[PDB]
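Visitor:
Protein chains: 2
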Amino acid sequence: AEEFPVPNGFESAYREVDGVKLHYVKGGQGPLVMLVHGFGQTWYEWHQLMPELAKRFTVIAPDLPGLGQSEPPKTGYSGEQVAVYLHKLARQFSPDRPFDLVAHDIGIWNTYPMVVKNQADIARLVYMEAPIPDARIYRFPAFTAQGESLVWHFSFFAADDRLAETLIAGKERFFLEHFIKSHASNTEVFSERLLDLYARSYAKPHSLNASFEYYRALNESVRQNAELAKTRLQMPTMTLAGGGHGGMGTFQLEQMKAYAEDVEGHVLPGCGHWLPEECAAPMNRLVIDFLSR
Amino acid sequence: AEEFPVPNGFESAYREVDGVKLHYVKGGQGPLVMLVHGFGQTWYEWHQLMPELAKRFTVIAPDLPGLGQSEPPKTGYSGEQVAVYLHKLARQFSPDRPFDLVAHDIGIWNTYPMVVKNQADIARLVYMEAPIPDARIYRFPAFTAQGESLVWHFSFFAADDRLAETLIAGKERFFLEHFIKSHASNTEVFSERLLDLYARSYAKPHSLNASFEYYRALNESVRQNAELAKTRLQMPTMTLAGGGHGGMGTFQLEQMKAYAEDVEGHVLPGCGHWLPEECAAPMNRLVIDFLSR
Ligand SMILES: CCCC[C@H](O)CO
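If you're matching them up, the sequences are chains A and B in order. The first sequence maps to residues 1 to 293 in our numbering. The second sequence maps to residues 1001 to 1293 in our numbering.
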């Protein structure tokens, strides 16, 4: 049983990594590109980009531990722990060459440590729409003159007593629609069918919990990254962010400038947080061209 | 019926003010002091302080519009709108003499405009444990290096689509225990029995909604107060804040200095947001002494 439909020419498969059964969707030929999703979503956010990339690359899109059809991590949900699973998965398919990495939202949190610790393994890097966990996150405001802020959910999701699971259970589809649309410019791309699919996936009890455990580990991830960031990133890097409602704007590139020597950035007007779906055509073009250099 | 037990020698009654039936508890004799509660609670938070004050004052403790046993406001939930109800209620009992005011949490939001617009009616003022709505509220962080921030709930409660009521309805007792304890230093005073009492009151559907409408009106109150604050407060004022987990600390006094000519402030160590219950002895003493000047 597949939670989401597989594109023609791709296969849905699993690999055991350190005792954890990881789900992924894979297709194409050539050097490896790994695409890593974020919160509220699964591998499927990449389903429009995948067949285009597959003309030039071997493409793998895993479900993050605990999410989609992947088993929860057996170590923990901090960025360093999760990055081990993703790094070892990629290396199963690209043992002798460096691979490319594209990540969105918490996919960034879950890959940054393996990028900085294994720089020779990473040919090119694309990061979109999330802060790397560092002290900058403590400056985002709780409330705005226009209403709810961008990241008040950091506290909601990190709270103890299973606050988020307890309040959201039974209302998973309702909450996810609110959350997605509050962070979107182009809400029309999120059809009832698409929202149904994403909601059913993250509503699995272990997935609903896994979702928030990433946030419960965020402060630990920040502390981890304070040490890791002493080593700058050397590989060619591109950042993308949305310039419309829900987007990170200039923050993405400005933060990345502190981490990478060789970085170019784009802000996409008329697009919010969910770039692969809200602004598929220009986002896909920018990623494809950057990786094809 | 009575949601909370009246202290001996006090009466529970109602007064219609501009078409809205307000509930209050009243006792004692002498000059009038009005005690105004905050979010998650009702007049009952004052029930330990009330007998002591009643030896020297006529004491009234109303339920805020829509909360406890008071009807929702008919105008709106902004600070200026709600303050009219409270000012008129007080002046019914003290038409020819100024009265004293003690306010906690959103009790501050709902009284500040009537204090500034009717300064001669207010003899002495005590404010505790919340910001006066102004530009400073936009500087509070969404997330902290320790975990959930003090006021991330501002965004949760203000969110469109009735997000908060939809998630919290039917889980009111769970939510309130988490909210209260997470804002406390001395959590032990919040017995299951006491939490049962508070939760039953705010679980009334009109009360759960009313609670959040105060936050949906917060930006309006900020705009209102930008004009009002052009006139400084002239009457003797005292601020209190908790110095422990969940408390406002030095912020309370520092903000009040911008608003008042004559102000003294105290931070109570080992006490969080819920001063009358967490630290009844020192808080009650500070209030009684200040008013008895
Ligand atoms: C909305 C910007 C991205 C920040 C985090 O990844 C939120 O889940």
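Ideal Cβ positions, reconstructed from N, Cα and C, are used throughout, including at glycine.
#1: Using a Cβ-Cβ cut-off of 6 Å (strictly less than) and excluding sequence neighbours within five positions of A1280 of chain B, which residues of its own chain qualify?
#2: Where do the ends of the alpha helix (DSSP H) carrying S221 of chain A lie?
#3: Give a yes or no on whether the minimum CB-CB distance between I1137 of chain B and chain A is below 8 Å.
#4: Give me the residue from B:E1080, B:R1193, B:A1199 and B:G1170 with the minimum Cα distance to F1179 of chain B.
#5: As a quick exercise: from A:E220, A:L167 and A:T237, pick the residue whose alpha carbon is nearest that of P205 of chain A.
#6: Out of A:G76, A:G68 and A:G30, which has the shortest C-alpha to C-alpha gap to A54 of chain A?
#7: In chain order, what residues of the same chain have a beta carbon less than 7 Å from the beta carbon of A120 of chain A, not counting five sequence neighbours either side?
#8: For the putative contact between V36 of chain A and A103 of chain A, defined by C-beta atoms under 8 Å, what is the C-beta separation to the nearest angstrom?
#9: Taking three-plus beta-carbon pairs below 8 Å as touching, is the region 168 to 178 of chain A in contact with the region 1152 to 1167 of chain B?
#10: With a threshold of 8 Å between beta-carbons, can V1151 of chain B be considered close to chain A, or not?
#11: Using a Cβ-Cβ cutoff of less than 7 Å, which residues in the same chain neighbour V1287 of chain B once the five nearest sequence positions on both sides are dropped?
#12: Using a Cβ-based criterion (distance less than 7 Å to any ligand heavy atom), does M248 of chain A qualify as near ligand 1?
#13: Which same chain residues end up closer than 6 Å to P236 of chain A when comparing Cβ atoms and leaving out the 5 residues on each side of it in sequence?
#14: Relative to ligand 1, is the shortest distance from any of its heavy atoms to the C-beta of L1228 of chain B smaller than 7 Å?
#15: Are the beta-carbon atoms of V59 of chain A and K88 of chain A separated by less than 8 Å?
#16: Buried or exposed, going by whether 16 or more other CB atoms sit within 10 Å of the CB of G40 of chain A?
#17: Using only the heavy atoms of ligand 1, determine whether one of them is closer than 7 Å to the beta carbon of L150 of chain A.
#18: For a test of the three-state rule: what should DSSP assign to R15 of chain A, helix, strand or coil?
#19: What residues of chain B sit near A145 of chain A, judged by a beta carbon separation below 8 Å?
#20: Is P1113 of chain B close to chain A, meaning its C-beta is less than 8 Å from at least one C-beta of that chain?
#21: Using alpha carbons as the reference points, say which of B:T1187, B:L1194, B:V1084 and B:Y1077 lies closest to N1118 of chain B.
#22: Whole angstroms are fine: how far does the CA of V1189 of chain B sit from the CA of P1282 of chain B?
#23: Tell me whether the beta-carbon of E1264 of chain B lies closer than 8 Å to the beta-carbon of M1248 of chain B.
#24: Mark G170 of chain A as exposed unless 16 or more other C-beta atoms lie within 10 angstroms of its C-beta, in which case mark it buried.
#25: Whole-angstrom Cβ separation of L275 of chain A and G246 of chain A, contact assumed at under 8 Å?
#26: The alpha helix (DSSP H) with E1188 of chain B in it runs from where to where?
#27: For a minimum of 3 consecutive residues, which ranges assigned as the beta strand (DSSP E) are wholly contained in the region 1004 to 1086 of chain B?
#28: Would you mind telling me which residues of chain B sit closer than 7 Å to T166 of chain A, beta carbon to beta carbon, in chain order?
#29: Let's see if you can read the secondary structure: which residues bound the beta strand (DSSP E) around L101 of chain A?
#30: Using a Cβ-Cβ cut-off of 7 Å (strictly less than) and excluding sequence neighbours within five positions of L1218 of chain B, which residues of its own chain qualify?
#31: I'd like to check one pair, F1057 of chain B with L1032 of chain B: are the Cβ atoms closer than 8 Å?
#32: With C-beta atoms as the reference, is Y1138 of chain B less than 8 Å away from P141 of chain A?
#33: Using a Cβ-Cβ cutoff of less than 6 Å, which residues in the same chain neighbour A203 of chain A once the five nearest sequence positions on both sides are dropped?
#34: With hydrogens ignored, establish whether the beta-carbon of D105 of chain A is closer than 7 Å to any heavy atom of ligand 1.
#35: Shortest alpha-carbon distance to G1272 of chain B belongs to which of B:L1195, B:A1090 and B:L1150?
#36: Do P131 of chain A and ligand 1 come close, with the Cβ less than 7 Å from some heavy atom?
Guide: Reading from the atomic positions:
#1: Translated into positions along the second sequence, residue 1280 of chain B becomes position 280. Hits under 6 Å: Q1048.
#2: Within the first sequence, the letter at position 221 stands for residue 221 of chain A. Element bounds for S221 of chain A: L218 to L228.
#3: Against the second sequence, residue 1137 of chain B aligns to sequence position 137. Yes, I1137 of chain B counts as interfacial toward chain A.
#4: Locating residue 1179 of chain B in the second sequence gives position 179, where the first residue counts as 1. Out of B:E1080, B:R1193, B:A1199 and B:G1170, B:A1199 has the C-alpha closest to the C-alpha of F1179 of chain B.
#5: As a working mapping, residue 205 of chain A is identified with position 205 in the first sequence. It is A:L167.
#6: Position 54 of the first sequence, counted from the start, is the residue given in the question as residue 54 of chain A. When each option's Cα is compared against that of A54 of chain A, the closest is A:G30.
#7: By 1-based counting over the first sequence, the position of residue 120 of chain A is 120. Closer than 7 Å at Cβ, skipping near neighbours: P98.
#8: On the first sequence, position 36 is the one that residue 36 of chain A refers to. On the first sequence, position 103 is the one that residue 103 of chain A refers to. At roughly 4 Å, the Cβ-Cβ gap stays under 8 Å, so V36 of chain A and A103 of chain A are in contact.
#9: yes
#10: Position 151 of the second sequence, counted from the first residue, corresponds to residue 1151 of chain B. Chain A contact via Cβ: present.
#11: Residue mapping note: residue 1287 of chain B aligns to position 287 of the second sequence, counting from 1. Within the same chain, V1287 of chain B has close Cβ partners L1049, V1102 and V1126.
#12: Within the first sequence, the letter at position 248 stands for residue 248 of chain A. Yes - ligand 1 has a heavy atom lying nearer than 7 Å to the Cβ of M248 of chain A.
#13: Taking the first residue of the first sequence as 1, we reach residue 236 of chain A at position 236. Residues of the same chain with a CB within less than 6 Å of the CB of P236 of chain A, apart from the 5 flanking positions on each side, are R124 and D262 in chain order.
#14: Along the second sequence, read from residue 1 onward, the residue named residue 1228 of chain B stands at position 228. Incorrect: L1228 of chain B has no Cβ contact closer than 7 Å to ligand 1.
#15: For this step, residue 59 of chain A is matched to residue 59 along the first sequence. For this step, residue 88 of chain A is matched to residue 88 along the first sequence. No, the Cβ-Cβ distance between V59 of chain A and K88 of chain A is not below 8 Å.
#16: On the first sequence, position 40 is the one that residue 40 of chain A refers to. Per the 10 Å Cβ criterion, buried.
#17: Your numbering for residue 150 of chain A matches position 150 in the first sequence. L150 of chain A Cβ: within cutoff of ligand 1.
#18: Taking the first sequence and counting its residues from 1, one reaches residue 15 of chain A at position 15. DSSP places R15 of chain A in strand when its eight states are reduced to three.
#19: One-based indexing of the first sequence puts residue 145 of chain A at position 145. The contacting residues are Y1138, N1219 and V1222.
#20: Residue 1113 of chain B sits at position 113 when you count from the first residue of the second sequence. Not one chain A Cβ lies under 8 Å of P1113 of chain B.
#21: In the second sequence, the residue the question calls residue 1118 of chain B occupies position 118. The candidate whose alpha carbon is nearest that of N1118 of chain B is B:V1084.
#22: The sequence position of residue 1282 of chain B within the second sequence is 282, counting from 1. The sequence position of residue 1189 of chain B within the second sequence is 189, counting from 1. The alpha-carbon of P1282 of chain B is positioned some 15 Å away from that of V1189 of chain B.
#23: Sequence index remark: in the second sequence, residue 1264 of chain B carries index 264 (1-based). Sequence index remark: in the second sequence, residue 1248 of chain B carries index 248 (1-based). No, the pair does not count as a contact, with Cβ atoms beyond the cut-off.
#24: One-based indexing of the first sequence puts residue 170 of chain A at position 170. With fewer than 16 Cβ atoms within 10 Å of its Cβ, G170 of chain A is classed as exposed.
#25: Counted from its first residue, the first sequence places residue 275 of chain A at position 275. Counted from its first residue, the first sequence places residue 246 of chain A at position 246. Incorrect: roughly 10 Å between the Cβ atoms, too far for contact.
#26: Within the second sequence, residue 1188 of chain B is the residue found at index 188, counting from 1. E1188 of chain B -> no alpha helix (DSSP H), and no H or E assigned at all.
#27: 1011 to 1017, 1020 to 1028, 1032 to 1036 and 1058 to 1062
#28: The count along the first sequence starts at 1 and reaches residue 166 of chain A at position 166. Going along chain B in sequence order, the residues near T166 of chain A (Cβ under 7 Å) are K1171 and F1174.
#29: The sequence position of residue 101 of chain A within the first sequence is 101, counting from 1. Counting along the chain, the beta strand (DSSP E) containing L101 of chain A begins and ends at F99 to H104.
#30: The residue labelled residue 1218 of chain B in the question sits at position 218 within the second sequence. Result list for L1218 of chain B: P1133, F1154 and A1158, in chain order.
#31: Working through the second sequence from its first residue, we reach residue 1032 of chain B at position 32. Working through the second sequence from its first residue, we reach residue 1057 of chain B at position 57. Cβ distance < 8 Å, so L1032 of chain B and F1057 of chain B count as in contact.
#32: Here the question's residue 1138 of chain B lines up with position 138 in the second sequence. Here the question's residue 141 of chain A lines up with position 141 in the first sequence. Yes.
#33: Taking the first residue of the first sequence as position 1, residue 203 of chain A is located at position 203. Closer than 6 Å at Cβ, skipping near neighbours: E172.
#34: Counting from 1 along the first sequence, the entry for residue 105 of chain A is found at position 105. Flag set: Cβ of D105 of chain A near ligand 1.
#35: For the purposes of this step, residue 1272 of chain B is taken as the residue at position 272 of the second sequence. Residue B:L1150 is the option with its Cα nearest to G1272 of chain B.
#36: In the first sequence, residue 131 of chain A corresponds to position 131, counting from 1. Yes, since a heavy atom of ligand 1 falls inside the 7 Å radius drawn around the Cβ of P131 of chain A.
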